[PDB]
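Notes for the one structure printed next.
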Amino acid sequence: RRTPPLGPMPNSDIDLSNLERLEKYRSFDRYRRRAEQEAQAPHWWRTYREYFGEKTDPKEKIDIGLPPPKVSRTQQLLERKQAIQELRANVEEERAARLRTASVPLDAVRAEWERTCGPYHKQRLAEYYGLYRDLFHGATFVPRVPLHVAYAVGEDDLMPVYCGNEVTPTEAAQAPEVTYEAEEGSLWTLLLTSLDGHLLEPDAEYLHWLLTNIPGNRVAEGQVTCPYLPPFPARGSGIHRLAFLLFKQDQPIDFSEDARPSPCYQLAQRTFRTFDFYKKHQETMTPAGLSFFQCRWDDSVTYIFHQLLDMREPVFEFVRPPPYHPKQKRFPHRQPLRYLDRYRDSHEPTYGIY
Amino acid sequence: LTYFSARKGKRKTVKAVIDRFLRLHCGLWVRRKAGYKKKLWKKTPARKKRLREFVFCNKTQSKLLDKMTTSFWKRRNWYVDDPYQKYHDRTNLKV
Amino acid sequence: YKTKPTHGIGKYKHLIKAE
Amino acid sequence: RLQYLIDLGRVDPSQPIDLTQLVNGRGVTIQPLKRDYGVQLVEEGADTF
Amino acid sequence: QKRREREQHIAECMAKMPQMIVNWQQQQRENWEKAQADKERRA
Amino acid sequence: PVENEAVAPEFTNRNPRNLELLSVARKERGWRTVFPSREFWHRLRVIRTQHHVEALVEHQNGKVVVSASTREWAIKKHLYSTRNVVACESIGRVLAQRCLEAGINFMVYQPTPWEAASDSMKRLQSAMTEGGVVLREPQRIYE
Amino acid sequence: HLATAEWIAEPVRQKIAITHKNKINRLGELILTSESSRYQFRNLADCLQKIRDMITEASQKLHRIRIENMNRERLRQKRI
Amino acid sequence: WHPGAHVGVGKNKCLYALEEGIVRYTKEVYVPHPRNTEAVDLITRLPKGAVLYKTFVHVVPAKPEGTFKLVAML
Amino acid sequence: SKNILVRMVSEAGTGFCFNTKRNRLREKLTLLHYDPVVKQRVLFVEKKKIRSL
RNA sequence: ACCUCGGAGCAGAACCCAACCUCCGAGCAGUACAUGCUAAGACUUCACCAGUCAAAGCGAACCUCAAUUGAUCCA
Ligand SMILES: [Mg+2]
Ligand SMILES: [Mg+2]
C-alpha cells in the first residue's frame with residue numbers, strides 16, 4: 001500500500017530531465033550549510049527538534065522596557081564609512097596585517113561593545129541560564145543601562161562581577177561597590193536575589209542586598225530595606241546563580257509587605273516571589289539593567305551557618321538511582337557466576353540455622 | 001541410568017558430570033564453556049573471555065543430570081577456602 | 001516506511017549520474 | 001544459637017562447654033564418617049551475647 | 001627463596017628495559033631509513 | 001523546632017547548568033557515523049565567509065551561549081581586513097575573554113582536516129589557550 | 001570533642017580540623033559514621049581505623065578545579 | 001538505520017541504547033566524516049538545493065541523572 | 001605454508017606469553033607488549049614455531 | 001552429484017520458511033601488539049552446543065573484510 005505525501009517532499013522542485021546543466025555541490029562545506037539551514041527550518045514529519053527542542057510558545061515574549069534611542073541611520077552609516085575609509089587609507093596597517101603582528105585593546109572593545117549591542121547579547125545570556133523563565137515566568141527585557149560591580153578584597157585588588165562569573169564567598173562576605181552610569185535626575189532601584197537558594201519550595205527567591213531611592217550614581221544615601229547578608233551555598237547543593245537587576249524608578253514609592261526590621265537572619269522573612277513583587281511595586285518603573293554571577297561552598301559559608309544565621313548547617317549530596325536488574329529466574333542460563341552478586345544485598349556471608 | 005545395581009541395588013552416579021559440573025544447594029548447576037582451550041589465537045578478546053566465564057544451565061538439562069545423580073551429591077557441604085559459599089544459598093527470589 | 005507519507009525521502013540515486 | 005541454648009538450660013555455663021556437652025545437648029548434628037573434623041564459630045550473632 | 005630470586009631477576013631486567021627499548025625504536029628507524037634507500041632503486 | 005531549621009529531604013534545583021558544571025549532566029552520545037560529534041555540552045562553530053568571520057558557542061540543543069563577530073563595529077574599528085590571520089587570532093582572543101566572562105572554562109571544537117591544518121585556526125587555537133580556555137572536557141563521572 | 005582530647009597533641013589536633021572541615025559539628029564535635037557491615041563491632045572497628053589513619057597522616061576531578069582557579073585568577077586584573 | 005540521542009554502535013553495525021527510557025524514530029539529514037570517501041564524494045555529486053535524509057533512532061531519557069538528598073543536618 | 005604461528009617469552013623471567021602470526025620468509029621479530037604482571041609495555045622476542053597456516 | 005559456512009531471488013512490506021530450486025563465494029589475507037584485565041544491560045541462525053554487541057571502571061594513547069572453520073576425552 002502507498003499514501004500520497006502530506007507536505008511537499010524534498011528534491012521535488014528540482015527537475016531530473018535537466019541534470020548536466022545543473023550546478024553541483026563543489027565542496028563539503030556547501031553541503032553542511034544547506035543541511036544546517038534545512039535543520040533550523042521546520043518540517044511536518046517527526047524530527048529530532050520536536051523531541052528535545054525548550055517548547056517555546058509561538059507568541060513573542062512581552063518586554064515593556066527601555067526602547068533604543070532614535071539614532072539617525074543615515075548619519076550613523078556615514079560616520080561609520082568615515083572611520084573605515086581613513087583606516088584603509090592609513091599606511092602602517094598594510095605591513096601589520098600581512099606580517100601578522102597587530103593586536104587590539106580588549107577592554108576598549110569591551111567598553112564600546114557593551115554600549116552598542118551588549119544588552120541584546122546579555123538578554124540572550126540571561127534566557128540561557130534561565131533568569132527570565134524563573135523570575136517573570138517567561139517575560140523578558142533588555143538591560144540597556146550598563147552595570148559594573150566589584151568586591152573590594154582588602155584594598156589593592158578586587159573581584160569583578162559580570163554575566164556568568166564565579167565568585168568566592170570569602171570575597172563576597174562584604175558589601176560591593178556599584179556603578180550604573182546615571183547622574184539621571186530621577187531615582188533608581190537595585191536588588192540582589194538568589195533563585196535556586198531556597199530549599200523548602202521551588203520558584204522562590206531570597207534577597208540579600210536591596211537598595212531603593214538612589215538619586216544618581218552615588219550609592220551611599222540609598223536606604224536599605226533588606227540589609228546585607230552573604231549567600232549560603234551548602235555543601236553538595238551544587239551551584240547557585242546570584243542575580244543583579246536594576247529598574248528605572250520614575251518617582252519615589254513607599255515600602256510598608258516589603259519593609260523588614262534589623263536583619264535578624266530569618267529566611268521566612270527573606271523569602272518571597274519576584275513575580276508578584278514586580279506586579280505590585282514595579283508598575284511605575286521598568287527594568288534597565290541586569291547582571292549575575294555564581295557562588296559555591298567555602299569556609300566562610302560554614303562560618304555564617306554556625307555563627308551568623310543561628311542554625312545548623314545542611315549537608316546535601318547527589319545520589320544516583322540504583323542500578324536496574326531484571327526479575328530473577330531460579331534457573332539462569334548462559335550468565336556468569338556473579339548473577340547472584342547482582343542481586344545480593346549483604347556482601348558479607350551468613351549462615352541461617354546453626 | 002543404572003537405576004538398580006547388582007551388588008546392593010542402588011542408583012549409581014557416573015563420574016562424567018562430576019568432572020564437568022558443580023552443584024549449588026539451591027538446585028543450580030554451572031559449567032565451564034567449551035572450546036576455551038583450543039584455537040585461542042584466532043579468537044577475538046571478547047570471545048575468549050566469554051569462554052573463560054562460567055555459565056549456568058537450563059532447568060531441563062539441570063533436571064536431566066539431577067535424575068542421574070544420587071542424594072549424596074545433593075547434600076549441603078561446608079567447605080573451607082571455598083568461594084562458592086556465598087552462592088550455595090539464594091537471596092531475594094520471588095516466584 | 002512505505003505506506004507513510006515520508007516514503008522516498010531518503011532515496012538519492014535518482015540525482016547522481018547512473019552507471 | 002549458643003546464646004539460645006544456654007537460655008534453654010540444656011548446657012550449663014557453670015561447667016566448661018565442650019563438643020561432648022554440645023552434642024549431648026543436640027546443638028548440632030555431626031557426621032564424622034562424612035569427614036567433618038569438628039565445628040566452627042560463625043560471626044553472625046555478635047550482638048546480644 | 002623462590003620469590004626473591006625471581007623478583008630481583010625481574011628487578012635486574014627491569015633496569016635494563018630503557019636501554020634496549022631505546023635500541024628498539026632505533027631499529028625501526030634504521031629499517032625506515034633502509035626502506036627509503038632501497039625503494040629509490042626500485043623506482 | 002525552628003522555622004529556619006525546617007528543611008526538606010529532597011533539594012530541587014531548577015538550574016540545568018548545575019549538573020554539567022558538576023560533570024554529572026548527560027552528553028548526547030551517538031552520531032558516530034555523522035561528522036559533528038554530539039559528545040559535548042558547549043560547542044563552537046566557525047563560519048569563515050568571503051566577507052566576514054564569525055564564531056559562536058552553542059549548547060547541545062542548538063541554543064546560542066555567547067557569540068563573537070567581525071560584523072560587530074566594536075571589533076573591526078581597531079581591523080585592516082575582516083578575514084586575515086589577524087582577524088582569526090583577534091576574534092579568538094576576544095572570544096576567550098567572553099568564554100571566561102560567561103564561565104565557559106571547557107568546550108568542544110571539531111575542525112576538519114583542512115581547518116586544523118590552517119595556520120589561522122592553529123593561531124586561533126593558540127589564542128584562547130593563552131587566554132585560559134582548553135578545547136577538552138573531562139570524561140563523564142557515573143560509576 | 002576534638003579540642004578536649006588530651007591524648008591527641010596540639011599540632012595533630014588542628015591539623016585534623018583544617019583537613020577534615022566537612023565532618024566537624026556546629027558544637028565542635030567531630031562526627032564519623034560507617035555502615036559497610038551488619039556487625040556494629042566491625043562498624044566500630046573500621047571507624048577507629050579511619051581515625052587511626054587520620055592521625056597518622058596528620059603526624060606525617062581536582063585537575064578541573066585548579067583550571068577554573070587559574071581562569072578566575074587571570075580574569076581579576078583590576079585596580080581600584 | 002543510524003544512531004542518535006544516546007544510542008551507541010557496535011563493530012557489527014548494531015544499534016544499542018545507552019540511557020533508560022523510550023525509543024523514538026525520526027528522519028534527519030546525513031553529513032559524513034571527511035574520511036568516508038564513498039559518502040563524501042557522493043554529496044559532492046549531488047546538486048545544490050537537494051538534500052538526502054536517513055532514518056535515525058532516538059532514545060528519550062525518562063528519569064534524570066539523580067536527586068539531591070539530605071545526608072545530615074549538623 | 002605461507003604464515004607461521006610463533007610464541008614469545010618475557011625476558012624478565014616472569015613467564016608471561018602469548019602468540020601471533022608471522023610470515024615464513026620474514027626475519028625474527030621483537031615487539032613491545034603490555035605484561036599484566038610488570039604492568040607496562042615490555043619487549044618480547046619470539047623463539048620457535050608451533051604450526052603452519 | 002551432494003553432505004560445513006556466507007550473500008541474492010523464490011520469501012516485494014517485523015521475523016522465520018523448504019525443493020537433487022535459480023546464481024555468486026569461502027576453509028584466507030593485511031595492519032597493530034593495551035588484538036590488555038574487568039564490568040552494567042540485551043540479542044542469538046527457531047532446543048542445546050555455539051555465535052554476537054557493549055556503557056562504565058582500572059590501566060593506556062592523545063582493528064578492515066562477509067563466510068574466511070571444528071566440541072569431548074586424549075597427547
Ligand atoms: Mg533462539
Ligand atoms: Mg569505556
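Scheme for the C-alpha cells: letters A, B, ... for chains in order shown; per-chain residue numbers from 1; ligand numbers from 1 in order shown.
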Considering only C-alpha atoms (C1' of nucleotides), return as a PyMOL selection string whatever protein or nucleic-acid residues lie within 7 Å of residue 1 (chain G), sequence-local ones (same chain, fewer than 3 positions apart) excluded.
chain G and resi 4-5+28-30
Which residues are near residue 17 (chain I)? Cut-off 8 Å, only C-alpha atoms (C1' of nucleotides), ignore same chain within fewer than 3 positions. Put them as a PDB file with N, CA and C atoms, in the first residue's frame.
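New file out_37.pdb:
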ATOM      1  N   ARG I   7      55.366 -18.300  19.361  1.00  0.00           N
ATOM      2  CA  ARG I   7      55.214 -17.861  20.739  1.00  0.00           C
ATOM      3  C   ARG I   7      56.402 -16.991  21.134  1.00  0.00           C
ATOM      4  N   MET I   8      56.168 -16.081  22.081  1.00  0.00           N
ATOM      5  CA  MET I   8      57.220 -15.248  22.643  1.00  0.00           C
ATOM      6  C   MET I   8      57.173 -15.315  24.162  1.00  0.00           C
ATOM      7  N   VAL I   9      58.325 -15.028  24.773  1.00  0.00           N
ATOM      8  CA  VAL I   9      58.534 -15.213  26.204  1.00  0.00           C
ATOM      9  C   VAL I   9      59.023 -13.903  26.805  1.00  0.00           C
ATOM     10  N   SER I  10      58.615 -13.654  28.048  1.00  0.00           N
ATOM     11  CA  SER I  10      59.032 -12.451  28.756  1.00  0.00           C
ATOM     12  C   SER I  10      60.504 -12.541  29.134  1.00  0.00           C
TER      13      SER I  10
END
Between B:34, B:40, B:64, B:46, which residue has the minimum interatomic distance to chain H, considering only C-alpha atoms?
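Checking each of B:34, B:40, B:64, B:46 against chain H, counting only C-alpha atoms, the winner is B:46.
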Within 8 Å of ligand 2 (counting only C-alpha atoms (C1' of nucleotides) and all ligand atoms), which residues show up? I'd like them as a list in words.
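Those within range of ligand 2 are residues 55, 56 and 57 of chain J.
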Counting only C-alpha atoms, closest pick from B:5, B:77, B:60, B:71 relative to chain D is B:77
When you get a sec, could you note down which chain I residues fall within 12 Å of chain J, using only C-alpha atoms (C1' of nucleotides), as an MDAnalysis selection string?
chainID I and resid 2:3 8 18:23 29:44 53
Please produce a file of those selected residues containing C-alpha atoms, as a JSON list (two decimals), in the first residue's frame.
[["chain", "number", "residue", "atom", "x", "y", "z"],
["I", 2, "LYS", "CA", 52.73, -19.00, 3.91],
["I", 3, "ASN", "CA", 52.45, -17.84, 7.54],
["I", 8, "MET", "CA", 57.22, -15.25, 22.64],
["I", 18, "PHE", "CA", 51.12, -15.25, 24.01],
["I", 19, "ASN", "CA", 51.11, -15.96, 20.26],
["I", 20, "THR", "CA", 50.82, -14.11, 16.96],
["I", 21, "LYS", "CA", 51.13, -14.81, 13.24],
["I", 22, "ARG", "CA", 54.30, -14.34, 11.20],
["I", 23, "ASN", "CA", 55.40, -14.74, 7.60],
["I", 29, "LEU", "CA", 60.54, -10.07, 15.23],
["I", 30, "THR", "CA", 60.84, -8.26, 18.57],
["I", 31, "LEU", "CA", 57.85, -6.20, 19.70],
["I", 32, "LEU", "CA", 56.53, -4.48, 22.81],
["I", 33, "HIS", "CA", 53.55, -5.78, 24.76],
["I", 34, "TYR", "CA", 51.68, -4.99, 27.97],
["I", 35, "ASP", "CA", 52.66, -7.61, 30.55],
["I", 36, "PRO", "CA", 49.88, -7.86, 33.19],
["I", 37, "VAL", "CA", 52.49, -8.67, 35.85],
["I", 38, "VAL", "CA", 55.07, -5.97, 35.08],
["I", 39, "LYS", "CA", 52.15, -3.70, 34.06],
["I", 40, "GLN", "CA", 53.82, -1.75, 31.26],
["I", 41, "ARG", "CA", 54.97, -2.17, 27.68],
["I", 42, "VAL", "CA", 57.97, -4.51, 27.54],
["I", 43, "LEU", "CA", 59.83, -6.18, 24.69],
["I", 44, "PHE", "CA", 59.20, -9.84, 23.84],
["I", 53, "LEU", "CA", 48.73, -21.73, 8.49]]
Let's see if you can do this: from backbone DSSP, list all strand (DSSP E) residues in chain I, as JSON, numbers by chain.
{"I": [3, 4, 5, 6, 7, 8, 9, 10, 17, 18, 19, 20, 21, 22, 23, 30, 31, 32, 33, 34, 35, 40, 41, 42, 43, 44, 45, 46, 47, 48, 49, 50, 51, 52]}
File dump, residues just selected, N, CA, C and O atoms, as a short mmCIF file (atom, residue, chain, number, x, y, z; two decimals), in the first residue's frame:
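So selection_36.cif came out as:
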data_model
loop_
_atom_site.label_atom_id
_atom_site.label_comp_id
_atom_site.auth_asym_id
_atom_site.auth_seq_id
_atom_site.Cartn_x
_atom_site.Cartn_y
_atom_site.Cartn_z
N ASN I 3 52.24 -18.43 6.22
CA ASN I 3 52.45 -17.84 7.54
C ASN I 3 52.88 -18.92 8.53
O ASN I 3 52.90 -20.11 8.22
N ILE I 4 53.22 -18.48 9.74
CA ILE I 4 53.66 -19.39 10.80
C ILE I 4 53.28 -18.76 12.13
O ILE I 4 53.42 -17.55 12.33
N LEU I 5 52.80 -19.60 13.04
CA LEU I 5 52.43 -19.18 14.39
C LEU I 5 53.62 -19.36 15.32
O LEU I 5 54.26 -20.41 15.32
N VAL I 6 53.92 -18.32 16.10
CA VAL I 6 55.10 -18.29 16.96
C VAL I 6 54.71 -17.76 18.33
O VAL I 6 53.85 -16.89 18.46
N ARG I 7 55.37 -18.30 19.36
CA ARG I 7 55.21 -17.86 20.74
C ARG I 7 56.40 -16.99 21.13
O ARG I 7 57.50 -17.13 20.59
N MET I 8 56.17 -16.08 22.08
CA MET I 8 57.22 -15.25 22.64
C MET I 8 57.17 -15.31 24.16
O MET I 8 56.14 -15.61 24.76
N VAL I 9 58.32 -15.03 24.77
CA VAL I 9 58.53 -15.21 26.20
C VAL I 9 59.02 -13.90 26.81
O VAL I 9 59.75 -13.13 26.17
N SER I 10 58.62 -13.65 28.05
CA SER I 10 59.03 -12.45 28.76
C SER I 10 60.50 -12.54 29.13
O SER I 10 60.93 -13.48 29.82
N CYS I 17 53.30 -15.07 28.37
CA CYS I 17 53.47 -15.43 26.97
C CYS I 17 52.16 -15.27 26.22
O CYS I 17 51.08 -15.22 26.82
N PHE I 18 52.26 -15.19 24.90
CA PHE I 18 51.12 -15.25 24.01
C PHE I 18 51.63 -15.65 22.63
O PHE I 18 52.79 -16.07 22.49
N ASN I 19 50.78 -15.55 21.61
CA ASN I 19 51.11 -15.96 20.26
C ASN I 19 50.62 -14.92 19.26
O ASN I 19 49.74 -14.11 19.55
N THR I 20 51.20 -14.98 18.06
CA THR I 20 50.82 -14.11 16.96
C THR I 20 51.30 -14.76 15.67
O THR I 20 52.13 -15.67 15.69
N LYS I 21 50.78 -14.27 14.55
CA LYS I 21 51.13 -14.81 13.24
C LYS I 21 52.38 -14.13 12.69
O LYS I 21 52.70 -12.99 13.06
N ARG I 22 53.08 -14.84 11.81
CA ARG I 22 54.30 -14.34 11.20
C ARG I 22 54.45 -14.96 9.83
O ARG I 22 53.99 -16.08 9.58
N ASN I 23 55.10 -14.23 8.93
CA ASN I 23 55.40 -14.74 7.60
C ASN I 23 56.57 -15.71 7.66
O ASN I 23 57.50 -15.56 8.45
N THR I 30 60.79 -8.64 17.16
CA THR I 30 60.84 -8.26 18.57
C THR I 30 59.94 -7.05 18.76
O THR I 30 60.21 -5.99 18.20
N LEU I 31 58.88 -7.22 19.56
CA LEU I 31 57.85 -6.20 19.70
C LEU I 31 57.54 -5.97 21.18
O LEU I 31 57.80 -6.82 22.03
N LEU I 32 56.99 -4.79 21.47
CA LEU I 32 56.53 -4.48 22.81
C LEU I 32 55.19 -5.14 23.08
O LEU I 32 54.47 -5.55 22.16
N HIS I 33 54.84 -5.25 24.36
CA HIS I 33 53.55 -5.78 24.76
C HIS I 33 53.33 -5.49 26.23
O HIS I 33 54.28 -5.42 27.02
N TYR I 34 52.06 -5.31 26.60
CA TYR I 34 51.68 -4.99 27.97
C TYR I 34 51.64 -6.27 28.79
O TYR I 34 50.71 -7.08 28.66
N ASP I 35 52.64 -6.47 29.64
CA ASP I 35 52.66 -7.61 30.55
C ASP I 35 51.74 -7.32 31.73
O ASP I 35 51.93 -6.29 32.41
N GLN I 40 53.39 -2.79 32.20
CA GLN I 40 53.82 -1.75 31.26
C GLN I 40 54.34 -2.43 30.01
O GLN I 40 54.62 -3.63 30.00
N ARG I 41 54.47 -1.64 28.94
CA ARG I 41 54.97 -2.17 27.68
C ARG I 41 56.41 -2.65 27.83
O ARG I 41 57.28 -1.90 28.30
N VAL I 42 56.65 -3.90 27.44
CA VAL I 42 57.97 -4.51 27.54
C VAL I 42 58.21 -5.40 26.32
O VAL I 42 57.27 -5.98 25.76
N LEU I 43 59.47 -5.50 25.92
CA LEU I 43 59.83 -6.18 24.69
C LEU I 43 59.81 -7.69 24.87
O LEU I 43 60.35 -8.22 25.85
N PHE I 44 59.20 -8.39 23.91
CA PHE I 44 59.20 -9.84 23.84
C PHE I 44 59.86 -10.28 22.54
O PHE I 44 59.65 -9.66 21.49
N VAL I 45 60.65 -11.35 22.62
CA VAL I 45 61.28 -11.97 21.46
C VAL I 45 60.65 -13.34 21.26
O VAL I 45 60.49 -14.10 22.22
N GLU I 46 60.30 -13.66 20.02
CA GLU I 46 59.69 -14.94 19.69
C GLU I 46 60.78 -15.96 19.39
O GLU I 46 61.78 -15.64 18.75
N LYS I 47 60.56 -17.19 19.86
CA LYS I 47 61.61 -18.20 19.91
C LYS I 47 61.47 -19.24 18.81
O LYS I 47 62.42 -19.45 18.04
N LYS I 48 60.32 -19.91 18.70
CA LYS I 48 60.15 -21.06 17.82
C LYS I 48 58.78 -21.00 17.17
O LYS I 48 57.99 -20.07 17.40
N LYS I 49 58.50 -22.00 16.33
CA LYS I 49 57.23 -22.14 15.64
C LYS I 49 56.38 -23.20 16.33
O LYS I 49 56.87 -24.02 17.11
N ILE I 50 55.08 -23.16 16.04
CA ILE I 50 54.10 -24.08 16.59
C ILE I 50 53.35 -24.83 15.49
O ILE I 50 53.23 -26.06 15.54
N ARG I 51 52.85 -24.11 14.49
CA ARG I 51 52.13 -24.73 13.40
C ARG I 51 52.04 -23.76 12.23
O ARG I 51 52.05 -22.54 12.42
N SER I 52 51.96 -24.32 11.03
CA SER I 52 51.80 -23.52 9.82
C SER I 52 50.33 -23.22 9.57
O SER I 52 49.43 -23.94 10.02
#
Given a cut-off of 9 Å, what residues near ligand 1 show up using only C-alpha atoms (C1' of nucleotides) and all ligand atoms, put as a PDB file with N, CA, C and O atoms (P, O5', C5', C4', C3', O3' and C1' of nucleotides), in the first residue's frame?
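Saved as part-v8.pdb:
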ATOM      1  P     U J  44      16.295 -12.879  19.920  1.00  0.00           P
ATOM      2  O5'   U J  44      17.491 -13.806  19.423  1.00  0.00           O
ATOM      3  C5'   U J  44      18.060 -13.637  18.133  1.00  0.00           C
ATOM      4  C4'   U J  44      19.261 -14.527  17.935  1.00  0.00           C
ATOM      5  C3'   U J  44      19.061 -15.996  18.273  1.00  0.00           C
ATOM      6  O3'   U J  44      18.430 -16.720  17.234  1.00  0.00           O
ATOM      7  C1'   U J  44      21.058 -15.235  19.267  1.00  0.00           C
ATOM      8  P     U J  45      17.678 -18.099  17.563  1.00  0.00           P
ATOM      9  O5'   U J  45      17.774 -18.917  16.201  1.00  0.00           O
ATOM     10  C5'   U J  45      18.982 -19.569  15.826  1.00  0.00           C
ATOM     11  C4'   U J  45      19.017 -19.868  14.348  1.00  0.00           C
ATOM     12  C3'   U J  45      19.998 -20.961  13.930  1.00  0.00           C
ATOM     13  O3'   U J  45      19.465 -21.698  12.830  1.00  0.00           O
ATOM     14  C1'   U J  45      20.584 -18.928  12.872  1.00  0.00           C
ATOM     15  P     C J  46      18.798 -23.140  13.073  1.00  0.00           P
ATOM     16  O5'   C J  46      17.862 -22.927  14.346  1.00  0.00           O
ATOM     17  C5'   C J  46      16.484 -22.595  14.195  1.00  0.00           C
ATOM     18  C4'   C J  46      15.984 -21.744  15.337  1.00  0.00           C
ATOM     19  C3'   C J  46      15.625 -22.501  16.616  1.00  0.00           C
ATOM     20  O3'   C J  46      15.944 -21.700  17.753  1.00  0.00           O
ATOM     21  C1'   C J  46      13.727 -21.340  15.829  1.00  0.00           C
ATOM     22  P     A J  47      17.159 -22.115  18.719  1.00  0.00           P
ATOM     23  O5'   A J  47      16.584 -23.343  19.551  1.00  0.00           O
ATOM     24  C5'   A J  47      15.587 -23.153  20.545  1.00  0.00           C
ATOM     25  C4'   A J  47      15.659 -24.225  21.600  1.00  0.00           C
ATOM     26  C3'   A J  47      17.008 -24.386  22.284  1.00  0.00           C
ATOM     27  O3'   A J  47      17.199 -23.468  23.346  1.00  0.00           O
ATOM     28  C1'   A J  47      16.225 -26.503  21.587  1.00  0.00           C
TER      29        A J  47
END
Show me a table, sorted first by chain and then by increasing residue number, of the residues of chain J having an atom at most 12 Å from chain C, each with its shortest atom pair and the distance in Å to one decimal, counting only C-alpha atoms (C1' of nucleotides) and written as CSV.
residue,atom,partner,partner_atom,distance
J:12,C1',C:2,CA,11.6
J:13,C1',C:2,CA,7.5
J:14,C1',C:1,CA,11.9
Let's have the selection written as a PDB file, in the first residue's frame, with N, CA, C and O atoms (P, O5', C5', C4', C3', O3' and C1' of nucleotides).
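Here's the written file again36.pdb:
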ATOM      1  P     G J  12       8.984 -10.744   0.432  1.00  0.00           P
ATOM      2  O5'   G J  12       9.335 -10.163  -1.010  1.00  0.00           O
ATOM      3  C5'   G J  12      10.587  -9.537  -1.273  1.00  0.00           C
ATOM      4  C4'   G J  12      10.401  -8.138  -1.804  1.00  0.00           C
ATOM      5  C3'   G J  12       9.743  -7.168  -0.828  1.00  0.00           C
ATOM      6  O3'   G J  12      10.227  -5.845  -1.059  1.00  0.00           O
ATOM      7  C1'   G J  12       8.368  -7.415  -2.729  1.00  0.00           C
ATOM      8  P     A J  13      11.151  -5.113   0.033  1.00  0.00           P
ATOM      9  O5'   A J  13      10.115  -4.561   1.111  1.00  0.00           O
ATOM     10  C5'   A J  13       9.578  -5.418   2.114  1.00  0.00           C
ATOM     11  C4'   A J  13       8.803  -4.646   3.152  1.00  0.00           C
ATOM     12  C3'   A J  13       8.456  -5.431   4.415  1.00  0.00           C
ATOM     13  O3'   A J  13       8.459  -4.560   5.545  1.00  0.00           O
ATOM     14  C1'   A J  13       6.468  -4.716   3.368  1.00  0.00           C
ATOM     15  P     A J  14       9.787  -4.401   6.434  1.00  0.00           P
ATOM     16  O5'   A J  14       9.687  -5.583   7.496  1.00  0.00           O
ATOM     17  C5'   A J  14       8.725  -5.553   8.542  1.00  0.00           C
ATOM     18  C4'   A J  14       9.342  -5.946   9.860  1.00  0.00           C
ATOM     19  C3'   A J  14      10.071  -7.278   9.879  1.00  0.00           C
ATOM     20  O3'   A J  14      11.378  -7.211   9.337  1.00  0.00           O
ATOM     21  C1'   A J  14       8.635  -7.164  11.736  1.00  0.00           C
TER      22        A J  14
END
